[PDB]
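*Asks:* sequence-free structure coming up:
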Ligand SMILES: [Ca+2]
Ligand SMILES: [Ca+2]
Ligand SMILES: [Ca+2]
């Protein structure tokens, strides 16, 4: 099994920026897709961003498009997410996820396509 | 994998006839219109004749009456009866699918080596 | 004519146009022409506001197309927009060539053509995976990815998750996933019996398999080809799970030991040059070697044989003679009128123009049953000659004087066999009917002709066992249930014929059931179902049932229908596909009920989800195996499951 340890969540102000990372440890990191998900206290799980196993294509949540930027570093097996202009309405626990399937790109926003999950870092704006 | 095998070309004198054959493979033969195309030395490629999936034929006004195209879905083969050969038919003849809207077969990726037709 | 008005023309698929308008139900395919070709089919909606027009070919995307519908003209362009994709849930063989991952684009009927998609500026990528997410090397070249979808020959069995990604060149990618199964589709044959090759005698590329041949095609008797001839299998019989059967052509492989003598393309063989070559026919993992010879001697007619070769016929009566015409190799030869000169004897036993042996009928090349009419009384031999006067064969004909001294009720299969009993055994598995006739005989006991059955009546003396009716000059007996039945032919209440027919029908059935030993269920969360009482061998489709003892030996498996209205139906899976269909035999039904004293609120009659024990369930489930679930007295056996969830003390 592969474990996901995320770090980079704190207490930012209305209109600032915060960067959070996700270090994995198991097998080949460059062959599976990465996805950032969040769950506000009292609401259901919602997709925020996804990066293709091979880069060159990124997906963004319709409510967060233009503000956030997902990127990856296969050399240091870490998932990155540049949050710009953070607002209070997106206050949620930011969990991270790695895809089960080798080189699959379809259904980047569906929970079924991710077998490994993180405990989530709290980001309170 | 696409395969196109032409045959039937000859060094026949003027006025003669040539039975052109084509054994096709990998081109969804029965689901496509097929046709014979020709290319003169130092000239563009043109569609001489075509036969759609039900046997309905079309010809270039340059070869009407003299050329008749036939197809066989059971053998995936195309035939071209070259009656009354005029020197103006000097070209290497190729068989391929015909896509509506293309006309010259320019959009196609795979072609065979053709069969040389020489009428003195 | 009718006002048909088109307001919009759109190329919705590589081969189809969609028209919008009014009165489109009055348009014929001929009314629509694209780039000079009339459409091949047109399917309008019931309101006539739209119509799908099928073209005689594929269209090149982003190319100007002129579409004419009656006096209206349109210029359109096919913009192929892949919006959705569906990967087929197909099952493949672990060792078979010519297999590809199938998929459908948008709402198209039929599989996407990867080669066409490439010409339409779309690239396709396939990604195979084991269910655990790891790569699977199932594509050509022992690979996990593909650009064509073609599968390798030698795949490790199991289930696979495959993804198809179609991307427009310089545009967006559309992708979806699917689950395929890699099984042993292969025919599990233990032996290859009869291998019948047929000549493609009319050189049309078509040789029927599993049915009557067409055109000039004939089944070879020999293993000789003439150079330039082509041939293919008409049937191959193999022993599959103890039964001989005509194998599916898709399961046969044919290889030549010498390609310069006989070459093979998809089991279609070509005689390349004179000499010898061995054809190895492979079905599953069993093989048969067939040694062929390629000669340079064209098939010529050498033999005309008659069955019977000695005909005794009454004057003015007609009797059948079967003629078999053959070549120098002993193979069928289609003889036309001019091929055989029928030299009639001067005694006049056969009339001038009374016998022309023509054996060119499709499906029956080289064989024909022809009526021979007795002309002048006497004896004589017809000689069958070729153009050069050589004798190819002969038929002796004895024409006898006519009268009627006897009328005997006879089986049509024993016609003209004086004194043979009309009594017969009719097996309903081979045939449902048996035919009789009232045969007329001369005072010299020579079979003349059947009696005209106008004015006669026929009666079955046991309507449940069989029915009997007069069809022309025959009595047709139709068998219904096993037992002995008397058939009576009469005229004005006088007996003209009697026959006893023993109807038999052997059908494999359940003799007994061995249920699993069952114990009282004292705990919660225990699932109870058909598997609690019957030993199952799990399947992805209908499960195999063990312990169902049958009345006959068989290698086929007993299965139970997993779901639907027929759930619980036990059947002998005669084709081995884990689905109840084709020639499978229904053996019975499995049912479940709770006893009258039961307290099981979550009980369900579903055999796979009968009960999951919960606090204070107490009762008894009775599982039954019956020959028919609708006849409670057809019960073969039962097994009860006792439920007593312990919850004490309970103050
Ligand atoms: Ca044929
Ligand atoms: Ca004759
Ligand atoms: Ca079956």
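*Replies:* Good, I have the coordinates. Numbering: from 1, shown residues only, chains lettered A, B, ... in the order given. Ligands and ions are numbered 1, 2, ... in the order given.
*Asks:* now residue C:613: how far from residue C:520?
*Replies:* 11 Å (CB to CB, to the nearest Å). In this view, the C-beta of every residue, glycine as well, is placed from N, C-alpha and C.
*Asks:* neighbour count winner among these two?
*Replies:* residue C:613 (20 against 11; other CB atoms under 10 Å in any protein chain shown).
*Asks:* nearest residue to the more buried one other than its sequence neighbours?
*Replies:* residue C:526 (4.6 Å; CB to CB, 6 or more residues apart in numbering or on different chains).
*Asks:* residues near residue 61, how many?
*Replies:* Since you didn't name a chain, this refers to chain A. So residue A:61, with other CB under 10 Å, has 18 neighbours.
*Asks:* oops, chain C please
*Replies:* 20.
*Asks:* which residues touch it?
*Replies:* C:77-80, C:120-121 (CB atoms under 8 Å, 6 or more residues apart in numbering or on different chains).
*Asks:* what about 6 Å?
*Replies:* Listed by CB atoms under 6 Å, 6 or more residues apart in numbering or on different chains, the contact set of residue C:61 reads C:78, C:80, C:120.
*Asks:* is the helix or strand hosting residue C:129 anywhere near chain A?
*Replies:* Residue C:129 belongs to strand C:122-130 when assigned by DSSP states H and E. Yes. Using CB under 6 Å from any CB of the partner chain, we find that strand C:122-130 touches chain A at C:127, C:129.
*Asks:* what does that strand contact?
*Replies:* Contacts for strand C:122-130 (CB under 6 Å, 6+ apart): A:101-103, C:101, C:114, C:117, C:136, C:138, C:144-146, C:149, C:160-168.
*Asks:* how close does the closest residue to residue C:111 other than its chain neighbours sit to residue C:247?
*Replies:* Spatial nearest neighbour of residue C:111, chain neighbours left out: residue C:102 (4.6 Å); criterion: CB to CB, 6+ apart. Residue C:102 is 24 Å from residue C:247, where distance means CB to CB.
*Asks:* and the residue nearest to residue B:113 when sequence neighbours are not counted, what does it touch?
*Replies:* Of all residues not flanking residue B:113 in the chain, residue B:6 sits nearest, at 7.0 Å (CB to CB, 6+ apart). Contacts of residue B:6 were listed using CB under 6 Å, 6+ apart, and they are B:22, B:95, B:112, B:114-115.
*Asks:* let me know the helix or strand that the nearest residue to residue B:72 once chain neighbours are set aside is in.
*Replies:* Using CB to CB, 6+ apart and skipping residues adjacent in sequence, the residue nearest residue B:72 is residue C:205, 6.6 Å away. Assigned by DSSP H and E, residue C:205 belongs to neither a helix nor a strand.
*Asks:* and residue C:205, how close does it get to residue B:33?
*Replies:* For residue C:205 relative to residue B:33 (CB to CB), the value is 20 Å.
*Asks:* so the two - more neighbours on which side?
*Replies:* Legend: neighbour count by other CB under 10 Å for residue C:205 and residue B:33, higher for residue B:33 (24 against 15).
*Asks:* quick one: residues contacting the nearest residue to the more buried one once chain neighbours are set aside.
*Replies:* Closest residue in space to residue B:33, ignoring its immediate chain neighbours: residue C:57 at 3.4 Å, by CB to CB, 6+ apart. Residues near residue C:57 by CB under 6 Å, 6+ apart: B:32-33, B:52-53, B:100.
*Asks:* also residue A:125?
*Replies:* So residue A:125 contacts A:12, A:86, A:88, A:91 (CB under 6 Å, 6+ apart).
*Asks:* closest to residue C:541 out of those residues?
*Replies:* residue A:91 (50.1 Å; CB to CB).
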